[PDB]
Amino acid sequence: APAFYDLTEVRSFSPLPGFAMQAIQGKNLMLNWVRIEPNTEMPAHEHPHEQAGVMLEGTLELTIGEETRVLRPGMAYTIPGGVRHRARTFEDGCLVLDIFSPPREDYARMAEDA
């Protein structure tokens, strides 16, 4: 079903303190607006889902595999399914758009219940 979204009206959910997420999806795509509070860590994880990210606001230190990059608006990244990554913010926090294919089923349920 084709759809239009206003993100000011998409309810947010928190999988972990310091994170607020607004997730929408089609069949094979999920878009997730992640607002991360200052000085907050996303613990290291992997998943079969391919992921991409687009910086919108603030600063994010991202580790994908062996690499550690500091990311700001104007930057984007791609992560193959199965590749380990973790992240952290500094003083300013960040807003990052995460993209998954296929959608993350756990976030889908949390978005439904938000």
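All residue numbers are counted from 1 along the displayed sequence.
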For this session: Give the stretch, out of 16-24 and 95-103, with the larger mean C-alpha temperature factor in the deposited entry.
Result: 16-24
Exercise. Which has the higher mean CA temperature factor in the PDB entry, 53-61 or 35-43?
Worked result: 35-43
Problem set entry | Ranked C-alpha temperature factor of residue 48 among modelled chain residues, by third | highest
For this session: For residue 68, return the chain-relative third of its C-alpha B-factor as stated in the PDB record: lowest, middle or highest.
Result: highest
